[PDB]
4 protein chains.
Amino acid sequence: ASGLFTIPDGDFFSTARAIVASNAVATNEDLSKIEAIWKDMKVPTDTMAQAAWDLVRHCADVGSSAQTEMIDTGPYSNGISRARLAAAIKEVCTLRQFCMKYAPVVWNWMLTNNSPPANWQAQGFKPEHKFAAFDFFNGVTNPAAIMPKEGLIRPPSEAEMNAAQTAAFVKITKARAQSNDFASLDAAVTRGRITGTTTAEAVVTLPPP
Amino acid sequence: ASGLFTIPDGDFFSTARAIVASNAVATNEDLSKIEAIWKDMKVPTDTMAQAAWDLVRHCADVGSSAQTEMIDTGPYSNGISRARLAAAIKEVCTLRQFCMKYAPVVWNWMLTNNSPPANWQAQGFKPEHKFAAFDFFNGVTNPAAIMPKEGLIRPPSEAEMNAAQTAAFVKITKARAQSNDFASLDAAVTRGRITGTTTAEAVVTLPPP
Amino acid sequence: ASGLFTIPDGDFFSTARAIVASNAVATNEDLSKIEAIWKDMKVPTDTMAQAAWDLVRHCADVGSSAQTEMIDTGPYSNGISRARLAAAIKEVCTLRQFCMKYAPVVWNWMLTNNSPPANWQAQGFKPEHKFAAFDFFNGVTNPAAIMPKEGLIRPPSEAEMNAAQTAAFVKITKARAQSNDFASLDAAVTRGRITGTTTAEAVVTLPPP
Amino acid sequence: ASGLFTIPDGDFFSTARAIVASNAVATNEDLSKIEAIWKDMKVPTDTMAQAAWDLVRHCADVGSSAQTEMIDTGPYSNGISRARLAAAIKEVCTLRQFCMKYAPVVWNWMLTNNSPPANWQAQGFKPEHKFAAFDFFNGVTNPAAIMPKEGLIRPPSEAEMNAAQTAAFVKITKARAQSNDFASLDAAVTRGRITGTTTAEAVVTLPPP
RNA sequence: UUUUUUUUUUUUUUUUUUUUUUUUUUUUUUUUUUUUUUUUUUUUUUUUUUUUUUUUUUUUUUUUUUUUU
């Protein structure tokens, strides 16, 4: 048995370590392209990582959607605003994929300072689940993401994971209900409609048990 | 591991404090532009904050919609009416974003005086939930908003947060049902219709469990 | 990359401010020519702007067509009638282009006094949309127009914009149906006809959804 | 397998980069001919690009039709008016093709300053879609156009693309309804008619879903 | 009786905005109209399913009063 029919024997399992890569997280080729754009717009390379952690922490208070307006300037750039840092990222990967890379860093930072995501109440989270009230919360246990050196202070509880999956259903289905099913945006197909659906037909509910 | 691949070590989590910024709350650049317009229409800078807190407290009795008619004059301007203060705000940010900034102030003010939002019964709130009967109630636990020095008297209960989310569904869906799906307001698309929908097709219900 | 192939870098977007100019609004060269004619027919230069705002406010009660008869004299001229002020304007630009320049001023003036355009019922407007019942209502959000210092009291609602676009369809199509398609007004082409069309063939309808 | 039957192997896909060219965007031969005319009418070559970006930004407030009257003079020429710059462009390519080349620049400029196209309300756009209210908005994601160095602040949303396609239908069909089907402009064919169509037969509607 | 295989499990989409006011009266509730006739036959095949056509251009301005009931 050779070629693709080779049977592994036990030397492979004890020695080989798979480097984990994920397509929901910004790749190593993605992150090298961010650095080349960021250093060309004069982000200091001595605080390049802290400018990323500050941007993703701000992206836990607001969304990580491509339409999200970043607000202010962090203290680790040379006055480069967070909107300009995020616009450089969206040329390479999505903002959500970049934020998934730093999700354990932001999770530890929020749990150290006891500072939840800012709009947890507007998102409909209960106060006992408010630390899961950011998108890209799925990346906190993804091994392709940046894990801090001493690990997570606290893993996410099962109730926090439950609340995040429910909120992910509500936010994504509401965003799809504001979109359409039109396969083309030409007026021959859309007939000048945004959703192609009335207000009552677009109401999202999670059906009861 | 350097650049964007730097692993945080624990010095960062104990020292760095993220200044919280939110795009649902009026920004610091927004508020500086309000002050320049307000002092030019001769609002006293010694009571500039109290004129804002009086306007947002009045915006808890009426809406914070852009179409809302402000009624009277507060005691902290130099006779500048609340409609003129709100019209200056709507040149910079939304009125709702300005009111979200002062939501914990208005929440403490209403709980101190035992004075709920004025039209809580018309909004369909039960009497035990009537203190949540304002829009921009989501901002009372947003850390980007102005928190008073000694804190909230009482946090919002879970039942108050439940009632506010339900009322937010009813008021927003009713406002969308009076709007249309028309992608253009030209008569070639609207065909001279406001909603493009009959009265029976526009009825909003929250489907039962 | 130089010449017309130069890539903008971010210094341009933060520093350069485009002065907005519109060809639907009376230009700065247009308005300087109005002043030279108005001061030569002895309009007081101390109330030159108020004579314009009074004329455009009167042009919200009647049309801004070139055929419109202006009625009376405002209080800010030296007894110069509004028909003589409008005849001087029509030598330079259209009356509608002049009125578009002052559309936010007239919009604020009408909303302050609760005084809608005078013939809103004859125009077929519903009472809840009657403040949009003037032509040149499109200019109220045009940034080339004169914006008052503290801003609009209320922006136009979506239903008001819908009603204005529908009324613009009806009034313009009815005016075209009283015109012709004749490419020349010589009797060899027109054959002594005004519209070249019967009464039944000239009926305007907005086709139903 | 050689000649036109050669099978690509994977070296071609990893190495070759196609330079994108579009016939809806002004070509590199087009732009070199603009520069030769612009420098001969003494446009400064140190601000040749900024004079183009100022002209296209003004062409987002007014149209990019060949019949469009440009209004004023930008600050980056040596007093050369925008009408003279546009007349030089129309000798080489269309004004719309030139403006498509700088559509991401104008898109970033408008989103930085929060300054929409000036006549968005007259075009029938809803306020939530008003940043798409220019023609040549199709060029903002065309890779043949000039992309700024740090990228777009925000990509166009799906609802903005929907509104632009609907407005493109309405404006182009209305312009065709004012034209004719006559195959020749000689009076033997046109019979002295502009459209060859009555007013009621020329009404444009987008048929309802 | 037949129907129980395979395929389909990735990404993307989670921001903002929208929550005011107005609209809640009156009128409209009778009578008439309910039968008969019409239900069959015929018509179910063949042929027609390829290519071609998808670019560009066209999106500004002007026209919205009065009169006519």
Side-chain angles (χ1 to χ4, degrees), chain A residues 23-24 59 62-70 94-97 119 123 134-137 167-176 179, chain B residues 23-24 59 62-70 94-97 119 123 134-137 167-176 179, chain C residues 23-24 59 62-70 94-97 119 123 127-128 134-136 154 157-158 167-176 179, chain D residues 23-24 59 62-70 94-97 119 123 127-128 134-136 154 157-158 167-176 179:
Chain A
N23 55 359
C59 275
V62 305
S64 47
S65 174
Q67 307 292 134
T68 315
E69 175 194 349
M70 308 283 108
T94 76
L95 177 62
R96 188 160 286 120
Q97 279 157 0
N119 61 338
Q123 289 175 68
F134 59 114
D135 54 9
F136 73 87
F137 170 80
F169 171 81
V170 171
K171 290 163 182 60
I172 289 165
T173 314
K174 277 195 202 160
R176 288 184 191 170
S179 176
Chain B
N23 55 359
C59 275
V62 305
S64 47
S65 174
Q67 307 292 134
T68 315
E69 175 194 349
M70 308 283 108
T94 77
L95 177 62
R96 188 160 286 120
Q97 279 157 0
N119 61 338
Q123 289 175 68
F134 59 114
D135 54 9
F136 73 87
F137 170 80
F169 171 81
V170 171
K171 290 163 182 60
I172 289 165
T173 314
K174 277 195 202 160
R176 288 184 191 170
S179 176
Chain C
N23 55 359
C59 275
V62 305
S64 47
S65 174
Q67 307 292 134
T68 315
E69 175 194 349
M70 308 283 108
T94 77
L95 177 62
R96 188 160 286 120
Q97 279 157 0
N119 61 338
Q123 289 175 68
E128 73 260 20
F134 59 114
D135 54 9
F136 74 87
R154 178 174 69 77
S157 63
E158 183 187 305
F169 171 81
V170 172
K171 290 163 182 60
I172 289 165
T173 314
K174 277 195 202 160
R176 288 184 191 170
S179 176
Chain D
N23 55 359
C59 275
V62 305
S64 47
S65 174
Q67 307 292 134
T68 315
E69 175 194 349
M70 308 283 108
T94 77
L95 177 62
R96 188 160 286 120
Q97 279 157 0
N119 61 338
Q123 289 175 68
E128 73 260 20
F134 59 114
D135 54 9
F136 73 87
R154 178 174 69 77
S157 63
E158 183 187 305
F169 171 81
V170 171
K171 290 163 182 60
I172 289 165
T173 314
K174 277 195 202 160
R176 288 184 191 170
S179 176

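Naming: A, B, ... by sequence-line order, numbering from 1 per chain. Both backbone and side-chain heavy atoms feed into the values below; hydrogens, waters and symmetry mates do not.
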Participant: Going by an N to O cut-off under 4.0 Å, is there a salt bridge joining C/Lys171 and C/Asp135?
Facilitator: no

Participant: Would you indicate whether the side-chain heavy atoms of A/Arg96 and A/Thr68 approach each other to under 4.5 Å?
Facilitator: no

Participant: Looking for any heavy atom pair under 4.0 Å, which part of the strands does D/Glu158 touch: base, sugar-phosphate only, or nothing?
Facilitator: nothing

Participant: Heavy-atom nearest nucleotide on RNA chain E for B/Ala175 versus C/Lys171: which residue maps closer to 5'?
Facilitator: B/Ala175

Participant: Going strictly by the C1'-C2'-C3'-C4' torsion (positive north, negative south), how would you label E/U24?
Facilitator: south

Participant: Hey, is E/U29 sitting syn or anti, using the within-90° cutoff around 0?
Facilitator: syn

Participant: Within the structure shown, what part of the strands sits under 4.0 Å from B/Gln123 by heavy-atom distance: base, sugar-phosphate, or nothing?
Facilitator: nothing

Participant: Confirm or reject stacking between E/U64 and E/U65, applying the criteria of under 5.5 Å between six-membered ring centres and under 30° between their planes.
Facilitator: no

Participant: Identify, between C/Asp135 and D/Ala167, the residue whose nearest nucleotide on RNA chain E lies closer to the 5' end.
Facilitator: D/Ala167

Participant: Could you tell me whether the side chain of A/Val62 reaches within less than 4.5 Å of the side chain of A/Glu69, counting heavy atoms only?
Facilitator: no

Participant: Distance under 4.0 Å to a non-hydrogen atom of chain B counts as contact; along RNA chain E, which nucleotides mark the start and end?
Facilitator: E/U15 to E/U21

Participant: Using the side chain to side chain donor-acceptor pair (under 3.5 Å) criterion, which residues pair with B/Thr173? Sequence neighbours excluded.
Facilitator: none

Participant: Is the shortest side-chain heavy-atom distance between C/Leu95 and C/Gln67 below 4.5 Å?
Facilitator: no

Participant: Report the residues that fulfil ring pair (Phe, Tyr, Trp, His ring centres under 6.0 Å) with D/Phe169, sequence neighbours left out, ordered by chain and then residue number.
Facilitator: none

Participant: Need one value for D/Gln67: base, sugar-phosphate or nothing, where a base atom within 4.0 Å counts as base even if backbone is also close, heavy atoms only.
Facilitator: base

